[PDB]
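Chains B and C, in that order, give the protein sequences. When you read off a place in the first sequence, starting at 1, and then add 440, the result is the number in PDB author numbering. When you read off a place in the second sequence, starting at 1, and then add 391, the result is the number in PDB author numbering. What follows is a single structure, written as structure tokens, with notes after it.
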Amino acid sequence: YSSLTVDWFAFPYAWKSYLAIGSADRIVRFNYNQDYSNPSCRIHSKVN
Amino acid sequence: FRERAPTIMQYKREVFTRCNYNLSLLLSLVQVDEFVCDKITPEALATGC
Ligand SMILES: *[C@@H]1O[C@H](CO)[C@@H](O[C@@H]2O[C@H](CO)[C@@H](O)[C@H](O)[C@H]2NC(C)=O)[C@H](O)[C@H]1NC(C)=O
Ligand SMILES: CCCCC/C=C\C/C=C\CCCCCCCC(=O)O
Numbered sequence: 441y442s443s444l445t446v447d448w449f450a451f452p453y454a455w456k457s458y459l460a461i462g463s464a465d466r467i468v469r470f471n472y473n474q475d476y477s478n479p480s481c482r483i484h485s486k487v488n
Numbered sequence: 392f393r394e395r396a397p398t399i400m401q402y403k404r405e406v407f408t409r410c411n412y413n414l415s416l417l418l419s420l421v422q423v424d425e426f427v428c429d430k431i432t433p434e435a436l437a438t439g440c
């Protein structure tokens, strides 16, 4: 690749619907809006 | 949101005509677990006739 951008934050796993594409919630609207113009993959993980 | 919840065997249906809604009010009363949508998105449900 020419660049590798990683955006990370803490978020509960019960709220996957608030980050799915097409969501109308306040979290996408005011906190985090994903680019979706470059090949991207959003993963949900638990870190020990 | 303010009545007895219907069963799946006898579910309720309401058809809305000639009225104005406000989807931002309805999304605060619920916590959404999953939405499965065809040919539309909830952000499109927020705006359109
Ligand atoms: C649609 O519903 C939202 C949710 O209630 C309304 O936002 C409220 O507006 C009042 C008036 O300013 C505030 O006191 C509340 O704090 C707001 N609540 C939220 C959650 O933001 C909104 O005004 C409604 N839309 C219209 C056109 O009335
Ligand atoms: C469209 C308003 C009129 C219909 C109201 C009837 C039921 C509304 C109840 C919940 C509305 C949620 C719609 C989008 C669901 C996913 C929200 C999101 O995470 O993006």
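Quick reminder that beta carbons are idealized off the backbone N, C-alpha and C, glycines included.
Distance between residue j and residue i (C-alpha atoms, nearest Å)
i                      : j                      : result
residue 394 of chain B : residue 408 of chain C : This structure cannot speak to residue 394 of chain B, because chain B is shown only from 441 to 488.
residue 473 of chain B : residue 457 of chain B : 13 angstroms
residue 392 of chain C : residue 485 of chain B : 33 angstroms
residue 406 of chain C : residue 446 of chain B : 45 angstroms
residue 397 of chain C : residue 404 of chain C : 10 angstroms
residue 415 of chain C : residue 434 of chain C : 10 angstroms
residue 410 of chain C : residue 430 of chain C : 23 angstroms
Simplified DSSP state of residue i, which is helix, strand or coil
i                      : result
residue 392 of chain C : coil
residue 425 of chain C : coil
residue 460 of chain B : coil
residue 453 of chain B : helix
Neighbour-count burial assignment, residue i, 16 or more Cβ in a 10 Å radius
i                      : result
residue 465 of chain B : buried
residue 463 of chain B : buried
Range of the contiguous alpha helix (DSSP H) that encloses residue i
i                      : result
residue 467 of chain B : 466-470
residue 434 of chain C : 433-436
Around ligand 3, Cβ to any heavy atom closer than 7 angstroms, ordered along the chain: Here the bound small molecules are ligand 1 and ligand 2; ligand 3 is not part of this structure.
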